[PDB]
Amino acid sequence: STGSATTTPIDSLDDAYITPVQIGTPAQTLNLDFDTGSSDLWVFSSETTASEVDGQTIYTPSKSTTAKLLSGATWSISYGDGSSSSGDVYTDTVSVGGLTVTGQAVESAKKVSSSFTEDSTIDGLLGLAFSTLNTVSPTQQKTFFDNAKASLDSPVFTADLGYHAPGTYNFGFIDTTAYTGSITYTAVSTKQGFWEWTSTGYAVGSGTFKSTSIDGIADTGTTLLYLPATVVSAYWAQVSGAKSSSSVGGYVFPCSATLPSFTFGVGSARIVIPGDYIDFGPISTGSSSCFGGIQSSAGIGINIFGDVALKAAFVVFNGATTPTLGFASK
(Lines of atoms letter the chains of each structure in order from A and count residues from 1; the text may use other names and numbers.)
(Lines give C-alpha, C1' and ligand atoms only; values in the text may rest on other atoms or scores of the structure.)
Protein backbone atom coordinates (compact mmCIF):
# COMPACT_ATOMS: atom_id res chain seq x y z
CA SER A 1 0.00 0.00 0.00
CA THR A 2 0.84 3.68 -0.24
CA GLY A 3 -0.56 7.01 0.86
CA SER A 4 -0.11 10.58 -0.35
CA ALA A 5 -1.43 13.72 1.35
CA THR A 6 -0.96 17.42 0.75
CA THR A 7 0.45 19.46 3.62
CA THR A 8 -0.43 23.16 3.81
CA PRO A 9 1.25 26.03 5.69
CA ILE A 10 -0.89 27.35 8.53
CA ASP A 11 0.04 30.99 7.85
CA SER A 12 2.02 33.27 5.55
CA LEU A 13 5.30 32.54 7.39
CA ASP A 14 5.20 28.72 7.13
CA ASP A 15 5.16 28.52 10.93
CA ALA A 16 3.85 24.96 10.65
CA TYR A 17 2.13 22.69 8.16
CA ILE A 18 -1.19 20.88 8.52
CA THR A 19 -2.21 17.64 6.82
CA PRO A 20 -5.77 16.26 6.81
CA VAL A 21 -6.20 12.96 8.65
CA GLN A 22 -9.32 10.80 8.72
CA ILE A 23 -10.10 9.33 12.15
CA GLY A 24 -12.94 6.97 12.97
CA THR A 25 -16.06 5.68 11.28
CA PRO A 26 -17.64 7.65 9.71
CA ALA A 27 -14.47 9.63 9.16
CA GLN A 28 -13.79 12.71 11.24
CA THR A 29 -11.20 14.78 9.38
CA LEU A 30 -8.76 16.69 11.56
CA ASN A 31 -5.83 18.81 10.37
CA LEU A 32 -2.74 17.51 12.15
CA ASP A 33 0.83 18.76 12.43
CA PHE A 34 3.04 15.89 11.19
CA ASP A 35 6.03 15.93 13.54
CA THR A 36 9.14 13.84 12.84
CA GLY A 37 10.44 15.01 16.23
CA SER A 38 7.81 13.29 18.39
CA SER A 39 5.92 10.02 18.53
CA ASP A 40 2.38 10.68 19.79
CA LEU A 41 -0.74 11.04 17.65
CA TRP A 42 -2.88 13.31 19.79
CA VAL A 43 -5.99 15.31 19.01
CA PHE A 44 -8.29 17.95 20.33
CA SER A 45 -11.40 16.07 21.35
CA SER A 46 -14.82 16.11 22.95
CA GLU A 47 -12.89 15.44 26.19
CA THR A 48 -10.71 18.56 25.95
CA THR A 49 -11.41 21.12 28.68
CA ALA A 50 -13.90 23.44 26.98
CA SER A 51 -12.05 26.67 27.84
CA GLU A 52 -8.94 25.25 26.13
CA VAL A 53 -10.69 24.76 22.76
CA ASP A 54 -10.84 27.86 20.55
CA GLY A 55 -11.77 27.02 16.96
CA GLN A 56 -10.10 23.62 16.54
CA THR A 57 -11.94 20.70 15.03
CA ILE A 58 -12.41 17.99 17.64
CA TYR A 59 -12.45 14.20 17.55
CA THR A 60 -15.56 12.76 19.25
CA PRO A 61 -14.89 9.06 19.91
CA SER A 62 -18.50 8.39 20.93
CA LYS A 63 -19.53 9.17 17.32
CA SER A 64 -17.06 6.65 15.85
CA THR A 65 -18.31 3.09 15.61
CA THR A 66 -14.71 1.82 15.47
CA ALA A 67 -13.39 3.73 18.50
CA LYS A 68 -12.49 1.73 21.60
CA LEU A 69 -11.20 3.13 24.88
CA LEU A 70 -7.70 1.80 25.58
CA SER A 71 -8.49 0.99 29.17
CA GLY A 72 -6.16 2.50 31.75
CA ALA A 73 -3.95 4.25 29.22
CA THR A 74 -2.93 7.87 29.70
CA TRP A 75 -0.46 10.16 27.99
CA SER A 76 1.36 13.39 28.77
CA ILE A 77 3.87 15.17 26.58
CA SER A 78 6.03 18.28 26.83
CA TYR A 79 7.62 19.70 23.71
CA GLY A 80 10.91 21.53 23.23
CA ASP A 81 9.08 24.86 22.94
CA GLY A 82 7.56 24.48 26.42
CA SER A 83 4.09 23.49 25.24
CA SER A 84 2.33 20.39 26.56
CA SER A 85 -0.81 18.27 26.44
CA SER A 86 -2.22 15.18 28.17
CA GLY A 87 -5.23 12.88 28.26
CA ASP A 88 -6.51 9.35 27.67
CA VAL A 89 -6.35 7.01 24.69
CA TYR A 90 -8.64 5.36 22.17
CA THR A 91 -7.84 2.99 19.37
CA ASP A 92 -9.50 3.78 16.06
CA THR A 93 -9.06 3.62 12.31
CA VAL A 94 -6.78 6.35 10.98
CA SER A 95 -6.21 7.14 7.31
CA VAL A 96 -3.70 9.52 5.72
CA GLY A 97 -3.84 10.18 2.02
CA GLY A 98 -5.58 6.87 1.32
CA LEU A 99 -3.36 4.75 3.61
CA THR A 100 -5.38 3.16 6.43
CA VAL A 101 -4.23 1.80 9.79
CA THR A 102 -6.69 -0.02 12.01
CA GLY A 103 -6.20 -0.03 15.76
CA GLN A 104 -4.09 3.14 15.81
CA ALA A 105 -3.68 4.75 19.22
CA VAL A 106 -5.45 8.12 19.08
CA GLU A 107 -4.50 10.12 22.15
CA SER A 108 -7.45 12.28 23.18
CA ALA A 109 -6.49 15.52 24.91
CA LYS A 110 -8.13 16.37 28.19
CA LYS A 111 -5.74 19.32 28.67
CA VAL A 112 -3.63 21.35 26.26
CA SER A 113 -1.30 24.25 26.98
CA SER A 114 -2.12 27.78 25.92
CA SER A 115 -0.04 27.76 22.74
CA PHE A 116 -2.20 24.94 21.35
CA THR A 117 -5.46 26.63 22.35
CA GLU A 118 -4.29 29.87 20.74
CA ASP A 119 -3.60 28.18 17.39
CA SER A 120 -6.98 27.43 15.87
CA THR A 121 -5.44 25.88 12.73
CA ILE A 122 -3.82 22.82 14.37
CA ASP A 123 -6.18 20.08 15.58
CA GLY A 124 -3.41 17.88 17.00
CA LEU A 125 -0.09 16.25 16.17
CA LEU A 126 0.86 13.10 14.29
CA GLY A 127 4.24 11.93 15.51
CA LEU A 128 6.69 10.35 13.07
CA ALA A 129 9.78 9.88 15.25
CA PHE A 130 10.59 6.45 16.67
CA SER A 131 7.97 4.72 18.80
CA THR A 132 10.41 4.53 21.74
CA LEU A 133 9.45 8.18 22.43
CA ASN A 134 5.70 7.52 22.62
CA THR A 135 4.38 8.72 25.98
CA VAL A 136 1.40 6.37 26.49
CA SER A 137 1.49 4.63 29.87
CA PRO A 138 1.48 1.89 31.03
CA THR A 139 1.66 0.34 27.53
CA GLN A 140 3.66 2.38 25.02
CA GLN A 141 1.97 2.70 21.63
CA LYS A 142 3.24 2.69 18.06
CA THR A 143 3.26 5.60 15.65
CA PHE A 144 1.10 5.65 12.55
CA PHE A 145 4.18 4.93 10.42
CA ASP A 146 5.27 2.02 12.62
CA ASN A 147 1.79 0.50 12.38
CA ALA A 148 1.62 1.00 8.60
CA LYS A 149 5.20 0.00 7.80
CA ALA A 150 4.72 -3.71 7.14
CA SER A 151 1.87 -3.03 4.69
CA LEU A 152 3.70 -0.34 2.73
CA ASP A 153 5.27 -1.07 -0.64
CA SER A 154 8.55 0.21 0.83
CA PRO A 155 9.11 1.08 4.53
CA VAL A 156 9.58 4.80 3.93
CA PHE A 157 7.86 8.13 4.09
CA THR A 158 8.90 11.38 2.43
CA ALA A 159 8.51 15.02 3.37
CA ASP A 160 8.33 17.60 0.57
CA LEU A 161 7.48 20.84 2.36
CA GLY A 162 6.72 23.95 0.33
CA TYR A 163 8.07 27.46 0.71
CA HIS A 164 5.00 29.66 1.12
CA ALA A 165 3.07 26.90 -0.64
CA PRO A 166 1.60 23.44 -0.05
CA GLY A 167 3.73 20.33 -0.23
CA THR A 168 3.35 16.58 0.17
CA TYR A 169 3.82 13.72 2.63
CA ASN A 170 4.04 10.35 0.88
CA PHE A 171 4.03 6.95 2.56
CA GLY A 172 5.42 3.78 1.03
CA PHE A 173 7.04 5.12 -2.15
CA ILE A 174 9.56 7.67 -3.40
CA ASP A 175 8.13 10.00 -6.09
CA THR A 176 11.06 10.24 -8.48
CA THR A 177 9.42 13.25 -10.19
CA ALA A 178 9.48 15.32 -6.99
CA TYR A 179 13.21 16.12 -6.85
CA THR A 180 16.15 17.00 -9.06
CA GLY A 181 19.42 15.11 -9.29
CA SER A 182 19.98 12.21 -6.92
CA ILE A 183 19.03 11.49 -3.32
CA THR A 184 22.01 11.32 -0.96
CA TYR A 185 21.45 8.97 1.95
CA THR A 186 23.12 9.39 5.33
CA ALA A 187 23.27 7.36 8.52
CA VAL A 188 20.76 7.76 11.35
CA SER A 189 21.15 7.18 15.07
CA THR A 190 17.93 6.17 16.81
CA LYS A 191 19.54 6.25 20.27
CA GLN A 192 17.54 9.34 21.34
CA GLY A 193 14.40 8.30 19.45
CA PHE A 194 14.88 10.92 16.72
CA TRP A 195 15.85 10.95 13.06
CA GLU A 196 19.33 12.00 14.17
CA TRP A 197 22.07 12.41 11.57
CA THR A 198 25.35 14.26 11.00
CA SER A 199 25.64 17.05 8.46
CA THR A 200 29.06 17.39 6.85
CA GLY A 201 29.27 21.19 7.07
CA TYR A 202 27.93 24.49 5.88
CA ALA A 203 28.44 27.58 3.78
CA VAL A 204 27.08 31.12 4.11
CA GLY A 205 25.99 32.71 0.85
CA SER A 206 28.64 32.35 -1.84
CA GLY A 207 31.32 31.68 0.79
CA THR A 208 33.55 28.66 1.01
CA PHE A 209 32.17 25.44 2.45
CA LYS A 210 33.31 24.66 5.99
CA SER A 211 33.70 20.92 6.50
CA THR A 212 32.60 20.15 10.05
CA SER A 213 30.36 17.50 11.58
CA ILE A 214 27.03 18.86 12.85
CA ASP A 215 24.86 16.27 14.63
CA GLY A 216 21.18 17.15 14.62
CA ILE A 217 17.65 15.93 14.06
CA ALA A 218 15.35 16.16 11.05
CA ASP A 219 12.25 17.68 12.70
CA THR A 220 9.23 18.67 10.62
CA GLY A 221 7.51 19.88 13.79
CA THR A 222 10.06 22.65 14.44
CA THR A 223 9.75 25.83 12.37
CA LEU A 224 13.33 27.07 12.36
CA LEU A 225 16.90 25.84 11.85
CA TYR A 226 18.79 25.62 15.17
CA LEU A 227 22.55 25.23 14.87
CA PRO A 228 25.66 25.78 17.01
CA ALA A 229 26.32 29.36 18.03
CA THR A 230 29.52 29.52 15.99
CA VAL A 231 27.66 28.63 12.77
CA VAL A 232 24.77 30.97 13.50
CA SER A 233 27.09 33.88 14.28
CA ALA A 234 28.94 33.28 11.01
CA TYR A 235 25.64 33.47 9.12
CA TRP A 236 24.27 36.63 10.73
CA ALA A 237 27.64 38.40 10.48
CA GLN A 238 26.91 38.59 6.73
CA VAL A 239 23.70 40.61 7.34
CA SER A 240 24.33 44.29 8.10
CA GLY A 241 22.63 45.29 11.32
CA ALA A 242 21.73 41.76 12.42
CA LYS A 243 22.22 41.01 16.11
CA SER A 244 21.16 38.62 18.81
CA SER A 245 18.46 40.20 20.97
CA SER A 246 18.03 38.70 24.43
CA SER A 247 14.71 40.53 24.82
CA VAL A 248 13.26 39.21 21.57
CA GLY A 249 14.76 35.74 22.02
CA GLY A 250 17.18 35.35 19.13
CA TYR A 251 18.75 36.91 16.10
CA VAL A 252 16.87 39.77 14.48
CA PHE A 253 17.77 41.71 11.39
CA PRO A 254 16.62 44.85 9.56
CA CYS A 255 13.59 44.07 7.46
CA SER A 256 15.27 46.07 4.66
CA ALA A 257 18.05 43.48 4.38
CA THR A 258 18.49 40.93 1.61
CA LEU A 259 19.47 37.67 3.32
CA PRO A 260 22.20 35.35 2.02
CA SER A 261 21.56 31.70 1.39
CA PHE A 262 22.72 28.98 3.77
CA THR A 263 24.08 25.65 2.52
CA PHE A 264 24.27 22.47 4.57
CA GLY A 265 26.12 19.29 3.68
CA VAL A 266 24.65 15.81 3.34
CA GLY A 267 27.63 13.60 2.68
CA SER A 268 29.30 15.08 -0.39
CA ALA A 269 26.01 16.68 -1.47
CA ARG A 270 24.82 20.20 -0.67
CA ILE A 271 21.35 21.56 0.10
CA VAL A 272 20.94 25.30 -0.45
CA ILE A 273 18.42 27.21 1.66
CA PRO A 274 17.60 30.46 -0.20
CA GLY A 275 17.91 33.63 1.83
CA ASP A 276 14.19 34.34 1.58
CA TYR A 277 13.45 31.12 3.49
CA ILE A 278 15.30 32.59 6.48
CA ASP A 279 13.00 35.64 6.81
CA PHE A 280 10.31 35.22 9.49
CA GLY A 281 9.03 38.76 9.23
CA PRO A 282 8.52 41.58 11.69
CA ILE A 283 8.96 40.73 15.35
CA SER A 284 5.65 42.53 16.02
CA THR A 285 3.18 44.07 13.60
CA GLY A 286 4.64 47.14 11.93
CA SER A 287 8.16 46.65 13.26
CA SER A 288 11.17 47.08 10.98
CA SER A 289 13.05 44.44 12.98
CA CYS A 290 12.58 40.98 11.47
CA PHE A 291 13.05 37.58 13.12
CA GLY A 292 15.70 35.25 11.74
CA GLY A 293 15.06 31.70 10.60
CA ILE A 294 18.48 30.42 11.69
CA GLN A 295 18.93 30.52 15.46
CA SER A 296 21.34 29.14 18.04
CA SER A 297 20.75 25.71 19.51
CA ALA A 298 22.98 26.50 22.50
CA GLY A 299 20.05 26.50 24.94
CA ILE A 300 18.38 23.39 23.49
CA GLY A 301 20.95 20.61 23.85
CA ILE A 302 20.51 19.40 20.26
CA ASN A 303 20.76 20.88 16.79
CA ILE A 304 17.47 20.89 14.88
CA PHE A 305 17.04 20.78 11.11
CA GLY A 306 13.52 22.17 11.22
CA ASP A 307 11.24 23.32 8.44
CA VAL A 308 13.59 26.12 7.26
CA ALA A 309 16.10 23.45 6.27
CA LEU A 310 13.77 20.62 5.32
CA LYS A 311 11.61 22.65 2.94
CA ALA A 312 14.70 23.28 0.80
CA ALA A 313 14.89 19.52 0.14
CA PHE A 314 13.00 16.38 -0.73
CA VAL A 315 13.56 14.29 2.40
CA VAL A 316 13.33 10.50 2.65
CA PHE A 317 12.70 8.97 6.07
CA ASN A 318 13.81 5.39 5.44
CA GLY A 319 12.41 3.12 8.15
CA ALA A 320 14.15 -0.05 7.06
CA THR A 321 15.67 -2.28 9.74
CA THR A 322 18.64 0.10 9.80
CA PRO A 323 17.02 3.52 9.25
CA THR A 324 18.61 6.18 7.06
CA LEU A 325 17.73 9.68 5.83
CA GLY A 326 17.87 10.85 2.24
CA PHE A 327 18.08 14.41 0.95
CA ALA A 328 17.68 15.69 -2.60
CA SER A 329 17.47 19.15 -4.06
CA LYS A 330 14.19 20.06 -5.75
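In PDB author numbering, the protein residues as written are 1 to 330. Even for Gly, the Cβ is constructed at its ideal location relative to N, Cα and C.
Asked: Helix, strand or coil at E52 according to DSSP, with G and I counted as helix; Found: helix
Asked: Bridge-paired residues (DSSP) for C290; Found: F253 and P282
Asked: Sequence ranges, alpha helix (DSSP H) only - wholly within the region 175 to 258, length at least 4; Found: 229 to 236
Asked: Beta-carbon separation (whole angstroms), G181 vs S45, contact threshold 8 Å; Found: Their Cβ separation, rounded to whole angstroms, is 44 Å, which puts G181 and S45 out of contact at 8 Å.
Asked: Three CB pairs or more closer than 8 Å across the region 191 to 210 and the region 258 to 270; Found: yes
Asked: Start and end residues, beta strand (DSSP E) containing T143; Found: Run containing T143: none; DSSP gives neither H nor E here.
Asked: For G275, the three-state DSSP class (helix, strand or coil); Found: helix
Asked: Option in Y169, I271, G292 and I273 with minimal Cα separation from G281; Found: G292
Asked: Own chain residues within Cβ distance below 6 Å of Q28, not counting five before or after; Found: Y59
Asked: Cβ-based neighbour list, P274, same chain, cut-off 6 Å, excluding 5 preceding and 5 following; Found: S261
Asked: Bridge partners - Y169, DSSP secondary structure assignment; Found: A5 and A159
Asked: Contact test: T132 Cβ vs the ligand MN heavy atom, cutoff 7 Å; Found: Because no ligand of any kind appears in the structure shown, any question about the ligand MN cannot be addressed here.
Asked: Buried/exposed call for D11, threshold 16 Cβ in 10 Å; Found: exposed
Asked: Contact between the region 153 to 170 and the region 203 to 216 (3+ Cβ pairs under 8 Å); Found: no
Asked: Contact set for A242: own chain, Cβ-Cβ below 8 Å, skip 5 residues either direction; Found: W236, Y251, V252, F253, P254, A257 and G292
Asked: Test item: CB-CB of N31 and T57 under 8 Å; Found: yes
Asked: Where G55 falls, given that 16 or more other Cβ within 10 Å makes a residue buried; Found: exposed
Asked: Beta bridge counterpart(s) of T74 as assigned by DSSP; Found: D88 and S137
Asked: Cβ-Cβ separation, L128 to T36 (assumed contact under 8 Å), whole Å; Found: 4 Å
Asked: Option in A309, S284, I283 and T190 with minimal Cα separation from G319; Found: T190
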